[PDB]
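Protein chains in written order, with UniProt numbering: chain A, 2 to 131; chain B, 66 to 105; chain C, 92 to 521.
For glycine and all other residues, C-beta sits at the position ideal for the given N, C-alpha and C.
Right, one structure below, let's go through it.
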Amino acid sequence: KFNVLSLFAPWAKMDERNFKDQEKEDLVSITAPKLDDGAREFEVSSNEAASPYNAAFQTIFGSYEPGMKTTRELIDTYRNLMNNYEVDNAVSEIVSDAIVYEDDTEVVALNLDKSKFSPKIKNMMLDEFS
Amino acid sequence: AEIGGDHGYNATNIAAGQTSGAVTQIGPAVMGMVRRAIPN
Amino acid sequence: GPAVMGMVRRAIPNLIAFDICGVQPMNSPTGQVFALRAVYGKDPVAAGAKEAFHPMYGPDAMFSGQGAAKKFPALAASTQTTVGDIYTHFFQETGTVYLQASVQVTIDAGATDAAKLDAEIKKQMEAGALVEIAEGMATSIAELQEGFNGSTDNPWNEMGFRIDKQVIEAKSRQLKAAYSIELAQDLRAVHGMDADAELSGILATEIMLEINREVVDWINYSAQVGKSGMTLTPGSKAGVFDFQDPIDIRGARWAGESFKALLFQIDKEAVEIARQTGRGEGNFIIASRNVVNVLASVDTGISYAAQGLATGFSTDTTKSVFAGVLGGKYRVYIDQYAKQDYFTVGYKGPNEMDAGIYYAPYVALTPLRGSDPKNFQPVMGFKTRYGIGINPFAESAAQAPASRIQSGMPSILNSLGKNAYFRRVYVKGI
Numbered sequence: 002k003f004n005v006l007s008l009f010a011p012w013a014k015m016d017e018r019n020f021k022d023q024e025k026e027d028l029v030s031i032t033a034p035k036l037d038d039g040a041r042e043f044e045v046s047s048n049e050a051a052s053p054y055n056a057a058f059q060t061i062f063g064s065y066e067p068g069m070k071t072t073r074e075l076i077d078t079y080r081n082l083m084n085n086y087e088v089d090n091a092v093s094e095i096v097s098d099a100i101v102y103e104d105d106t107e108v109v110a111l112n113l114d115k116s117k118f119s120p121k122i123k124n125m126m127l128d129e130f131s
Numbered sequence: 066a067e068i069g070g071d072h073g074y075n076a077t078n079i080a081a082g083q084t085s086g087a088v089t090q091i092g093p094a095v096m097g098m099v100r101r102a103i104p105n
Numbered sequence: 092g093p094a095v096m097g098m099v100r101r102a103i104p105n106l107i108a109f110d111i112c113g114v115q116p117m118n119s120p121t122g123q124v125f126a127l128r129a130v131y132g133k134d135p136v137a138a139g140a141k142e143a144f145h146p147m148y149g150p151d152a153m154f155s156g157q158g159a160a161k162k163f164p165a166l167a168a169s170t171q172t173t174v175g176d177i178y179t180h181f182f183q184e185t186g187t188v189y190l191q192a193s194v195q196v197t198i199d200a201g202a203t204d205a206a207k208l209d210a211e212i213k214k215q216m217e218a219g220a221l222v223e224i225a226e227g228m229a230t231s232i233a234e235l236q237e238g239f240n241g242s243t244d245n246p247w248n249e250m251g252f253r254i255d256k257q258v259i260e261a262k263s264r265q266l267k268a269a270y271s272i273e274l275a276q277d278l279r280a281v282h283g284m285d286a287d288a289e290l291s292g293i294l295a296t297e298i299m300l301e302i303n304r305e306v307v308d309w310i311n312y313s314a315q316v317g318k319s320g321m322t323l324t325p326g327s328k329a330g331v332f333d334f335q336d337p338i339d340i341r342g343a344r345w346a347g348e349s350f351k352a353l354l355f356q357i358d359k360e361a362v363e364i365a366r367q368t369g370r371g372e373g374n375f376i377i378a379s380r381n382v383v384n385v386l387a388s389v390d391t392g393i394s395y396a397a398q399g400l401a402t403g404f405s406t407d408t409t410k411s412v413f414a415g416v417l418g419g420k421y422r423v424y425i426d427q428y429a430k431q432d433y434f435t436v437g438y439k440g441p442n443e444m445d446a447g448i449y450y451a452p453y454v455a456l457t458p459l460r461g462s463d464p465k466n467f468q469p470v471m472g473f474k475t476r477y478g479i480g481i482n483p484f485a486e487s488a489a490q491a492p493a494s495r496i497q498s499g500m501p502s503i504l505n506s507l508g509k510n511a512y513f514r515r516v517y518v519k520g521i
């Protein structure tokens, strides 16, 4: 392709490298998706003399888009639940406990107490983290 | 002197494994197959 | 529920499976088997080509020998021999034989068929007129083979082989139940039946029974008839063994000594089978329940005489069909559906391709289900596909098939009454 979306050209290169690493892996003889959570997988099956991925394409296109629609209904609801009493505070209390931050306290902080190439890197990593 | 002989270029005989000699064949090994590409 | 007294149904008979035949599991339809036939005479595939090895024929004892230099006169009806010469004849059985003439005599001028000529020649052999003979070639001839020193027409006899084959195809069979809802519902209310499952059972059962029955029939169909030819007692009834006729029992009376006569013939038939196939003495018999009842009641071991109850081998056809092992040598099965009374014997080797008769399943008992919306009544059924075949060389009479290719499936022409691996015996007089 010509990478029309030049916007992500450097990111595309990062994905190409990772994708190539997977192509070079011995992760074969696997019937399972090898997935647990996150991104929605589907049978875009290609690089073989059957081309079933076309059905997969048409499914995503023709049915656009109950995945995100449901997601909206859920999120919109989530916000509407938070809008009421008690739910409001339960969220606040949880958020506050998850991230507690006060005068001169510690923030989430990278603790590099395990082996590293060099203490110099440990400082670089912490500076980047900040 | 026994011979192998050969096929008559008759795809039927070839597929069957028939030749003019002393020994029949199993049949042609299959090298693979090609499915017409799908239009974009 | 006016004192329901339970219910009855028929039991399902057992099967001999494929214990005595090839099983060839397949992963594709239409498989193939090929074979090599050692052959000589400079053209492996030709009319008149001669095979180097065969269970029923003697070798050409003078092929690499004196026959290389000269032809021998053939024996023929009405001709006269010359004392000291050597004549050739290929017999219908026992094959190539070279006979030196001890006398100057003629051979059955009235003979017609080869069978008649062979018979007279055999008599002349018994008589000492014709004697088996072979010799190598004078060395002074051998010396110039391949045209040396100006000589001609002196090639060495040559050998080679011909590879050819046979193929099979799977035929199939299917049945449906076509039953009703209302009946099934009533049955649930009478015996607690599912009335689909019972039908499933019936259909699958029938299919399996048919197949196994078909194999047995093919065994009977292709088997050669025993108490014939080389296994025949000349004063006998040709193919049938009696108890009411002293010829088959060497004058026996007294069952303890009489019944053993059958065992004797069985061995003879089993041995001839080895003679026919070149593999080994028959190792299995299937027979009518009446035959087995006799076998199970006689001491089959070697002893003075002995008789008792039929306890030696299971005799029922209600638990099994396998009676046991005869003398520790042959697997005895019961032909639970024998049409008359008899028994077939045969040999099956450790090599699945060494059996004479082969079963080769590809698809089996696939269930099918649905319903017809016009009345919504259920439809259920099952499908099987397999194919069977026969051993190349099962006929044995012919050294080779036409066109280097043949169906491996049985047919009348291919195998009725011809199969080297099995022999039939008719039984009467029990």
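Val222 (chain C): not part of any alpha helix (DSSP H); member of the beta strand (DSSP E) spanning 221-223, first to last residue. Partner residues in the beta bridge of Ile481 (chain C), as assigned by DSSP, are C:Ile448.
Taking a C-beta distance under 9 angstroms as the contact criterion, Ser263 (chain C) and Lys474 (chain C) qualify as a contact pair. Listed along chain B, the residues sitting closer than 8 angstroms to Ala50 (chain A) by beta-carbon distance are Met98, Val99, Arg100. Every unbroken stretch of the alpha helix (DSSP H) spanning 4 or more residues and falling wholly within the region 248-305 of chain C is given here in chain order: 272-279. About 4 angstroms separates the Cβ atoms of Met117 (chain C) and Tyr453 (chain C), confirming a contact at the 8 angstroms cut-off. Close to chain A, meaning a Cβ-Cβ distance shorter than 8 angstroms, is no residue of the region 73-91 of chain B at all.
Interface annotation, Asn4 (chain A): not in contact with chain B, CB-CB separation never under 9 angstroms. Annotated as proximal: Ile357 (chain C) and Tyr421 (chain C), with beta-carbon spacing under 9 angstroms. Contact check between the region 484-497 of chain C and the region 283-295 of chain C: fewer than three CB pairs, one atom from each, fall below 8 angstroms, which does not count as touching.
The continuous beta strand (DSSP E) containing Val454 (chain C) extends over residues 454-463. The beta carbons of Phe332 (chain C) and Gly520 (chain C) sit closer together than 9 angstroms. In this structure, the beta-carbon distance from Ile448 (chain C) to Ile310 (chain C) falls below 9 angstroms.
Here the region 504-515 of chain C lies against the region 359-376 of chain C, with 3 or more beta-carbon pairs under 8 angstroms apart.
Those residues of the region 245-279 of chain C placed with their C-beta closer than 8 angstroms to a C-beta in chain B are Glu249, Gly251, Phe252, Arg253, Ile254, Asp255, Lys256, ordered along the chain. Here the alpha carbon of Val92 (chain A) sits roughly 11 angstroms from the alpha carbon of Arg80 (chain A).
Assignment of beta-bridge partners to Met471 (chain C) by DSSP yields C:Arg460. Non-local C-beta neighbours of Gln497 (chain C) in its own chain, meaning closer than 7 angstroms and more than five positions away in sequence, comprise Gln257, ordered along the chain. When 9 angstroms is used as the limit between beta carbons, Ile68 (chain B) is near no residue of chain A, the shortest such separation being about 40 angstroms. Taking 9 angstroms as the cut-off, the beta carbon of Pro146 (chain C) is found no closer than this to the beta carbon of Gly437 (chain C). Taking C-beta atoms as the reference points, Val136 (chain C) and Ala491 (chain C) count as a pair closer than 9 angstroms. With respect to chain B, the C-beta atom of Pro483 (chain C) has no partner C-beta closer than 9 angstroms.
The beta carbon of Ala268 (chain C) is closer than 7 angstroms to those of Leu290, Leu294, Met471, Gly472 in its chain, skipping five residues each way along the sequence. Around the beta carbon of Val385 (chain C), 16 or more other beta carbons lie within 10 angstroms, which makes this residue buried. For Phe144 (chain C), there are no neighbours in chain B by C-beta distance under 8 angstroms, as the nearest C-beta there is about 16 angstroms away. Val95 (chain C) sits exposed, since fewer than 16 C-beta atoms from the chains shown fall within 10 Å of its C-beta. Looking at the backbone, the Cα of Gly399 (chain C) and that of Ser388 (chain C) are separated by about 5 angstroms. Buried is the label assigned to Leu353 (chain C), since at least 16 other Cβ atoms lie within 10 Å of its Cβ. Under a criterion of Cβ atoms nearer than 8 angstroms, no residue of chain B is adjacent to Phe350 (chain C); the nearest Cβ is some 50 angstroms distant.
The beta-carbon of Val383 (chain C) is placed no less than 9 angstroms from the nearest beta-carbon of chain B. In terms of beta-carbon proximity, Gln123 (chain C) lines the interface with chain B, with at least one pair separated by less than 9 angstroms. A direct Cα-Cα distance of roughly 8 angstroms separates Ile338 (chain C) from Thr324 (chain C).
According to the DSSP assignment, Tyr54 (chain A) belongs to the alpha helix (DSSP H) that extends over 54-63.
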